[PDB]
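Okay, so here's the structure we're looking at.
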Amino acid sequence: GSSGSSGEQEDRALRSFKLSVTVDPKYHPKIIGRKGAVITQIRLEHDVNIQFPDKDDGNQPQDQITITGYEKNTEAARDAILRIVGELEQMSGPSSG
């Protein structure tokens, strides 16, 4: 006998997916949360890893956010970081109406 029915998975590479979120370093310390739960929840929610740049570093971008994980999941999480910044910008702003 001889069989071999199995579709590729190319996971090794998928998991090695790195995403970059362009967002001012001002909201960076705002997204993380008070202690660091908010950001934690999201990560686990999508099962990804979100790491922000260190200002002290400098050479590296402080507005760029690195995120590892399944290209799909990562995107699902990167959407949040933005979904917020949007509301924040307005927060404490002149709201007409």
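Annotations
- Scanning region 50-70 for residues that are closer than 20 Å to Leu14 by Cβ, surrounded by 13 or more Cβ atoms within 10 Å (Cβ to Cβ) and of a type outside the set (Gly, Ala, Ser) returns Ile50, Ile65, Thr66, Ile67, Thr68, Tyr70.
- Region 10-23 - residue that is assigned to a strand (DSSP E or B) and hydroxyl-bearing (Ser, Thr, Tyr) and, of those, surrounded by the most Cβ atoms within 10 Å (Cβ to Cβ): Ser20
- Long-range neighbours under 9 Å by Cβ, at least six apart or interchain, first residue touching a residue at least 40 places away in the same chain (Cβ under 8 Å) within region 8-20, second aliphatic (A, V, I, L, M) and part of a loop (DSSP other than H, G, I, E, B): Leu19/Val48
- In region 24-51, the residue that is nearest to the chain's Cα centre (by Cα) out of those that are of a type in the set (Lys, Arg) and assigned to a loop (DSSP other than H, G, I, E, B) is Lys26.
- Checking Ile42, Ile31 one by one, the residue that is touching a strand residue (DSSP E or B) at 6+ places or on another chain (Cβ under 8 Å) and either touching a residue at least 40 places away in the same chain (Cβ under 8 Å) or under 15 Å from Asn73 (Cα atoms) (or both) is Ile42 and no other.
- Among the residues of region 44-97, those identified as on the phi < 0 side of the Ramachandran plot, hydroxyl-bearing (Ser, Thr, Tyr) and out of contact with any helix residue (DSSP H, G or I) (no Cβ under 8 Å at 6 or more places or on another chain) are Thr66, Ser95, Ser96.
Bear in mind that the values in this text are calculations on the coordinates, not laboratory data. Here the Cβ is made from the backbone with ideal geometry for all residues, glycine too, and neighbour counts use every protein chain on show.
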